[PDB]
Each structure stands twice: as structure tokens, then as C-alpha cells.
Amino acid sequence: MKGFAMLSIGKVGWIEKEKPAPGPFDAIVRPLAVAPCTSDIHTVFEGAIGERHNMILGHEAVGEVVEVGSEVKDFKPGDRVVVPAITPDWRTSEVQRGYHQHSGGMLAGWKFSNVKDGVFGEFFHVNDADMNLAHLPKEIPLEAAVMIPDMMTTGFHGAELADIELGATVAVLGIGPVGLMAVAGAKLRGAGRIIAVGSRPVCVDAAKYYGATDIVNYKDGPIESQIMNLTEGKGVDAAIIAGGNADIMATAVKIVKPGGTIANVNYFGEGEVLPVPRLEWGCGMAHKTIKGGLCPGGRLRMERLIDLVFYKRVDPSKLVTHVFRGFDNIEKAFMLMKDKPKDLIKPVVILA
């Protein structure tokens, strides 16, 4: 089996492994469309996950079931499905506590390209298919559906974590593809004014498209000072962090009103301490709740979002700026993620 993988930190390239075999509850899927995530980049050229040798990359795919186990009941070979980035083992302690994201350990929900070969192969292995796969309606285009596995649940679980109230003002720090979905999520939660913080013209134009009402470029002065003016010094009702480094946490706390929420879905890789300003955090009493969690995965999550797209509630189409064909391009698309052109948001390779 041919598959684009991580060779060792700082080194990738196509390799060959043995086609996976489904367990009684698993399914083997053949990619139809995939996408590279900035996370893979950090995983390969920054060892964000530790050292890994010959691990196929990728965790965002839409495929066709080619083989199922003896115990799979809802998916048969030939079925078109959307595959979640998070594919947990549903029979664990934490699944009973309500946090499947952490089934069997912190961030254990995430398997693809972490402790299991990713989706960038001629085939890949999905565990517990009846629990972790969702059928793909034929009316939803491959390009768009692939934004569902990770971009859309991360952005949306940003908006979810914020406890956004009807007509509340929400600030989104980081307008990348995840931020763009976090902006759409704030709009899906009844957000009134949505202040998107970003500087890429391609990202800002998309943000306005998804509901952004005010754009804030940091190259105009401090973010906390700009948001404060925009809100007559009232601050925002919530702040969703979708990107940036450690610092961005301080910004968040400073622009959020007392009793406000700061929801984080960004993956910090630098330093070892995320800054929480004690003065603006009411010396630990301003009731500014800070949240931060991995995006939900699993069938239901996928089906939920799939309806959101099916009923024109949101269209992830705008996130895809590049489209390529054939496996060979999985590599071209990948690198494209390492050096973000000013016209790039999210590339996708149809696998025809």
C-alpha cells in the first residue's frame, strides 16, 4: 500500500505499508478526498507529538468503505462516509464522564496521525465504524464535506465552549480555517456582533462571509485597546481563541467582561505556561471562565454537522481555496500547508 508519511522528525515522503485489516468492529476506508492540517506540519517539522517513524499522515478525510468487520452493522463496502479526526474507543471510563475526546487518556480520542496511521494512504483503518463513521449525503460536495472532520467541529466547539447568549458580542482571536468556523459557530449560537481578529486579507474576506461584523488587524495597535474602543469599553461577552501563541490567552482575558467566557480550541505548542493576567482576571475573581478542549468526534458529531451543511445552515466551501487530484498531490498540498501562500486557507485533493 502506498502512503504519504512522516519518516522521522523533519522528514516526510511516500512509503509502503501493509493494507490494514479490519477487526470485527472496524472498517477499512479508501480516500475520496483529504486535506492537510497545520497540525501535521507541527507534528513532522516540530515534533509537537514526539518522535514517530513511518506513520502515514492526515486526519481529515471523506472516503468509501471498502471493507468492514464481521460486527459492523451500519456501514457496507461502497458507502460514502465522512470520517471524524477524533475516532475514540467508546468503551472507556471517560466516555462515561462525557469526554470521549479523552477516551483512554488525555487527547486519546485523536488517533489518526498520532498513534494510528493517518488517512493519507491508499487505504486507512477506522476503529468502531458504527460508532465513528457517518454517511455522506450525495448532495454534499467532497470539497466541502472534508472541512467537517476537523475544521468544522473545532471551530464549532469553540463557539460551544463560550456559552454564547443571544445577541452577545463575541470576539474571535485567530481567523484561520478553524477561526473561520469558530466565527460561523458564534453566528450559529445567536451571536450578535462578531469581532474577528486577523490580518490575512484572504482570511478576513472569508470571515466577513461567515458573519464577522468588525475586522481587527493587530497592525493598527493593541488588540485589547481596539476591542475596548469598539465596545465603548464594555468588552466582549466571550472570546474564542482559534490561534496565536501563549500570549493570545492574556489578550483574551483582557477583552472579556467579568462573568464572560474565554473558549479555546487552539493548539499551543510553544513554552510551558499559558499567561493568565491576574490583574484583569480580577485577581482570580472576575468570573472569567477559561475553557479549552479538543474537538468532538464520532458519528453523531459528524451527522450533526452534516445536517448543518445539508440544510444550508453553513457552507464550508469558502474554506477550500485550492483543489488538486490524485495521491501524488497529497504531497504538494501538504507542503502548501507549511508555507501558507497569501491566498491559501485550506487545500484539498479530490482522490478520484
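The first residue of the sequence shown is number 1, and the count goes up from there.
For the segment pair 233-241 and 220-228, the entry gives 220-228 the higher mean B-factor, averaged over Cα atoms. The deposited model assigns a higher average Cα B-factor to 102-110 than to the other stretch when 173-181 and 102-110 are compared.
Annotation for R52, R299, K291, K312: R52 ranks highest, by Cα B-factor. Between the residues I306, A48, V34, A27, it is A48 that shows the highest Cα B-factor in the PDB record. When all modelled residues of the chain are sorted by CA temperature factor, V62 is found within the lowest third. In this PDB entry, the Cα temperature factor of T251 sits in the middle third of its chain's modelled residues.
Annotation for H157: C-alpha temperature factor in the lowest third relative to the rest of the modelled chain, per the entry. Placement of the Cα temperature factor of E94 within the chain: highest third of the modelled residues, per the deposited record. When the CA B factors of the chain's modelled residues are split into thirds, the value for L279 lands in the highest one.
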